[PDB]
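The chain that follows stands alone, in the form deposited in one PDB entry, written as structure tokens.
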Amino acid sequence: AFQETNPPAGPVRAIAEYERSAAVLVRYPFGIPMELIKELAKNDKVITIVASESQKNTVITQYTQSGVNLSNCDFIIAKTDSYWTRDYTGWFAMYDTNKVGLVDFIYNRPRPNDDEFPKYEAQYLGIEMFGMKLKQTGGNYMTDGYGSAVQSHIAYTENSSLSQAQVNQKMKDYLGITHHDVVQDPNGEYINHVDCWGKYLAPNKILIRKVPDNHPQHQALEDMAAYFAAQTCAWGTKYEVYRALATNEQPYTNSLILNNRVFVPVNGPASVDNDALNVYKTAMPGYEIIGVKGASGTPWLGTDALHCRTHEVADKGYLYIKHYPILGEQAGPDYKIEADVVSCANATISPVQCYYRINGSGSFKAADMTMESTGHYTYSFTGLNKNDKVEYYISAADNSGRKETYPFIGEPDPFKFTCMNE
């Protein structure tokens, strides 16, 4: 039976895919090209699931043949049914102020070895695991990191003995989801996973598939894009909605955000791939976008591509910056920013800075933020005149060697506001 547990001690907050990742999880026998594993292992830790010591040795030889950086490769020995690590591996959440935990669930497939796998993931990472008794799949889940999550309708229809209030309450208790947005899938295919048509790229940005006017799903996808563009996001502005045109069922929304890199599956034509990559680059300033060709033996599909066959792994020692930015026209008369910073590594934080620029003058300048109370840092912009333009971002570091900015990418994409008070 599924191992349901109590939920984590609160407050709880699900970690978004665009927050720091300490690794990426993949599985052998493989469903991804070796070129992707090589690109991943250049800068990130790759954890490969294998069934035995013998399969570990087989994978090390294949990685060596392909020129993969073995110093960034680790293994978990566990039986698995499939390579869809997106769908059956555990979900990450912060809880109890400064801890990172794993959330297990009932995988919505008759794949009992995949379903059992999250306990091995939590044991490898040395983190606690909580069992949320819902039939779920990670491909059908995404969070903004501020309490919202989007899922297709199967989150309710595959949990039909529970009311929507009961399903919503489990997402609140185990993942800190205060808005569980369960929508009718707009894609007209069997899988009903959000990652085949939608992807948060930041707390204020969402990518939505677009198809030609006469495609049968055209209006459902336009309605979905208009729904996000019409509502407020976690940063108080309306969502920025970006569109990836699939002229022929290319899975352009099925990308992986891993730290400052974005891996986008491409399967042509080349000009249409370039257009899709340039949407990601436009939406995500400062990120490095990589178009990834599929493996010939396990190609990318419209309903199953790169995001489906990977899962980011959160940092157990995450240096977490919580910030609601000051954006756009600001009435004033005060312009005060606040950021909460917590070290899940239990390391002393020093320094916490605001990097800023006024009216585009010179370079960004750092100012130390004031620690008002443990983990709560503030900064007031002084001497600002009407119509002054401010660019800023947050930086923090701790004694474990971690360094983080808010927004994630830092200086390439600062927050901006205009002073309106005289």
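Counting begins at 1, following the sequence as shown. Rigid core here is just the name for the largest C-alpha set that superposes within 1.5 Å across the two forms.
Mean CA temperature factor is higher for 328-336 when stretches 114-122 and 328-336 are set side by side in the entry. For the two regions 387-395 and 22-30, the entry's Cα B-factors average higher over 387-395. The entry assigns its greatest Cα B factor, within the set 138, 101, 299, 286, to 299. In the deposited entry, the Cα temperature factor of residue 76 places it in the middle third of its chain's modelled residues. When the modelled residues of the chain are ordered by C-alpha B-factor, residue 2 sits in the highest third. In this PDB entry, the Cα temperature factor of residue 401 sits in the top third of its chain's modelled residues, the highest group. Per the deposited record, the Cα B-factor of residue 347 falls in the highest third when ranked against the other modelled residues of its chain.
Remark: residue 273 belongs to the middle third of its chain, ranked by C-alpha B-factor as recorded.
From this point on, the text means the form deposited in another entry, which you will not see here.
Rigid-core fit between this form and the one not shown: of 317, 302, 332, 131, the one residue whose Cα shifts 2 angstroms or more is 332. With the core held fixed between this form and the one not shown, residue 101 has its Cα displaced by under 2 Å.
After superposing the rigid core, the C-alpha of residue 121 moves by less than 2 Å between this form and the one not shown. Residue 286 is not among the residues whose C-alpha shifts by 2 Å or more between this form and the one not shown once the rigid core is aligned; its shift stays under 2 Å.
By 3 Å or more, the C-alpha separation between residue 18 and residue 187 grows in the other form relative to the form shown here. Distance between the C-alpha atoms of residue 190 and residue 164: shorter by at least 3 Å in the other form than in the displayed form.
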